[PDB]
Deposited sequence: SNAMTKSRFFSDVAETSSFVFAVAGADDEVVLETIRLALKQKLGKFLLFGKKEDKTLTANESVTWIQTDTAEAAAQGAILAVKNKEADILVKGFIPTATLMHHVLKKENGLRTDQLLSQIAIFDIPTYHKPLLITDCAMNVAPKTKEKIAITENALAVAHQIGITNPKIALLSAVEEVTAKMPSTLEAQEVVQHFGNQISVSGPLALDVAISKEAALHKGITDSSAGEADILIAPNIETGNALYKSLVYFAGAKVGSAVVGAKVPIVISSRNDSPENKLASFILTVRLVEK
């Protein structure tokens, strides 16, 4: 038996979809509506009548990638939408406008990507950040990445998240800069939260592995959140769990005024839906 984040969830929250075109985008919206997960503002070029006939869907004709992105952003800025979803446009096209402070979405806070996994071989939900956004986050960025993850954990009901700064090794050395940054982040929080690091992955998610290395702190063997040392590590972990460990995952960009869905071209419908679910739960 175990605790799963994606068990058996509804709302009137509004997703603004930037580029509501192509089935790779629409399939997820169909599933969301069938479950009554939320409502949709669809900024797109070619209307799907059988979809736009749903009472909880509104279609806005938008002929270019740019107008779709700007349409969706303005909807969030005007407070008509709770959640921003990237559709059939380059991520860059959306991000450019999201990151313009004038648009009300980006504040003082670093944005970061975060994913939550139900891994059949782990005993509870596991969060991992940052797997897709921040490329080479240093100590400063990793502190903010951790703040975001903390906010996310709290919003979703994990009251005292065990946080582990991932690296390849537990010793702090000049040879491996990610170890020092881990130590400095752990130092930043002191007693404020449950943080440990640097930790190799085994020590983070396996109490037996932890004990064998003479480590008996919480985040070791019982991590709720892994802070990736770099983006290659976060991404690889993410993909590994999905493709080899059979994990269900939902992902979002957080740190902005609303959650942002930015899904991969080859994410599964179930995982794409998972991400919508995650964003609903982030807007409470």
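Residues of the deposited sequence lacking C-alpha coordinates, numbered from 1, fall in the stretches 1 to 4, 13 to 14, 291.
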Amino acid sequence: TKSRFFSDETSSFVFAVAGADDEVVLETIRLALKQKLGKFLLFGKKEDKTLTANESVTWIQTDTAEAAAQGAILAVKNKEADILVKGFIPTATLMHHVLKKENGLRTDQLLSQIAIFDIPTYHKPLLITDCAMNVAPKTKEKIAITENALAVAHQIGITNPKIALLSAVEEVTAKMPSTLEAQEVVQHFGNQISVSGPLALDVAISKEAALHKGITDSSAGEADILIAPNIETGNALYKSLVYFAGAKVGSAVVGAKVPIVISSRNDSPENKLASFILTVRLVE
From here on, numbers count along this sequence of modelled residues.
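The stretch with the higher mean CA B factor, choosing between 232 to 240 and 55 to 63, is 55 to 63. Mean C-alpha B-factor is higher over 151 to 159 than over the other stretch, the pair under comparison being 110 to 118 and 151 to 159.
Of all the options 261, 25, 274, 16, the entry's greatest CA B-factor is assigned to 25.
For the set 134, 103, 129, 167, the PDB entry puts the maximum C-alpha B factor at 103. The deposited CA B-factor of residue 94 belongs to the middle third of values across its chain. Placement of the Cα temperature factor of residue 139 within the chain: middle third of the modelled residues, per the deposited record. Among the modelled residues of the chain, residue 71 sits in the middle third by CA temperature factor in this PDB entry. Among all modelled residues in its chain, residue 223 ranks in the lowest third by Cα B-factor. Residue 211: CA B factor lies in the middle third for its chain, per the PDB record.
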